[PDB]
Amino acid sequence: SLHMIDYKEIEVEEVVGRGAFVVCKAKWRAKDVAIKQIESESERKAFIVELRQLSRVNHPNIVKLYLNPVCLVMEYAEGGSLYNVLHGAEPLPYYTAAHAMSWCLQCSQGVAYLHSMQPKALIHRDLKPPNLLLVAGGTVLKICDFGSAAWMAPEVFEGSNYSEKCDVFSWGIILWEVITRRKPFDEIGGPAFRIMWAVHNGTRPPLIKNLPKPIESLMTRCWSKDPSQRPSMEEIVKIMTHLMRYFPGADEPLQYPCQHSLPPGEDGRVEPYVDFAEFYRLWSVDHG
């Protein structure tokens, strides 16, 4: 199930970020790997539940998992997090509508795999760009298990017995986020409960100007208050797969620069960052 490696073979190179446990970069067996060491006795019991599930998981769009001190040797993602690509430190990279749709497609593919596992369906819950990593020039997306109110479905923080349709709600928000390149619910701000109150009362991110109706339809359905009215992840994957015909160029690495300017979208309607001109063009060739 999992390869057993000791700290002697590992070679720690440099620190990365600050998760729940602290993450460090390393090189083991001629492979770059990210390691999440524990520095607490209380946090060791989290490993016991997670290692049973994470060992069984194996998917292209999910992070791969390759003992004293207790650690998890995972594969290193050169591209960083999706949040950093979208809103991070300058210089920000350029990306197109093809990349945005491809990221969401690969994300739905990974979550569908988790939903369909046996015996029980694994729910990710905390699905958000900071946990979506990128590799291969920012073209392949990788999900990683373990202020999230902006991506959290209303029924979750309400305390109701949530289902796996809470991930579908998160995906909907992420779809709005990559198309607009805006932080969802940034204008609200404040503490977390002020966003929860908004989402609970029906507030959603503003509509996007010149957005294709099929994309607008899938996005809003994912936003619906009733979890049963949201589509399954299998449905999202299938729809997103057939839409990519009209979004070529998703394998092109991110290498061109982008200078950050954000116009304030007034009148409850925002401009998209990506451009859909090529989509409407290719859509006309097939349809008429």
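In this text, the rigid core denotes the largest set of C-alpha atoms whose superposition between the two forms falls within 1.5 Å. In this text, residue numbers run from 1 along the sequence as written.
Comparing the two stretches 147 to 155 and 169 to 177 by root mean square C-alpha distance in 9 other deposited structures of this protein, with all structures fitted on the core, the more displaced one is 147 to 155. Taking the root mean square of CA deviations in 9 other deposited structures of this protein after fitting on the rigid core, 68 to 76 and 110 to 118 differ, and the farther of the two is 68 to 76. Per the compared records, residue 58 is resolved in all of the other entries whose models span it, so no third of them omit it. Coordinates for residue 235 are present in every one of the other compared entries of this protein that model residues on both sides of it, well short of the third needed to count it as often missing. Per the record, residue 146 and residue 147 are separated by a gap of 10 or more residues from the deposited sequence that were not modelled. Per the record, residue 66 and residue 67 are separated by a gap of 1 to 3 residues from the deposited sequence that were not modelled. Of the two segments examined, 226 to 234 and 56 to 64, it is 56 to 64 that shows the higher average Cα temperature factor in the deposited entry. As the entry records it, the average C-alpha temperature factor is higher for 42 to 50, out of 42 to 50 and 257 to 265. As recorded in the PDB entry, 26 shows the highest C-alpha B-factor of the residues 240, 219, 250, 26. Which of 274, 15, 277, 270 has the largest Cα B-factor in the deposited entry comes down to 15.
Sort the chain's modelled residues by C-alpha temperature factor and residue 118 lands in the highest third, per the entry. Sort the chain's modelled residues by C-alpha temperature factor and residue 75 lands in the highest third, per the entry. Annotation for residue 160: C-alpha temperature factor in the highest third relative to the rest of the modelled chain, per the entry. Ranked within its chain, residue 189 lands in the highest third, by CA B factor from the PDB record.
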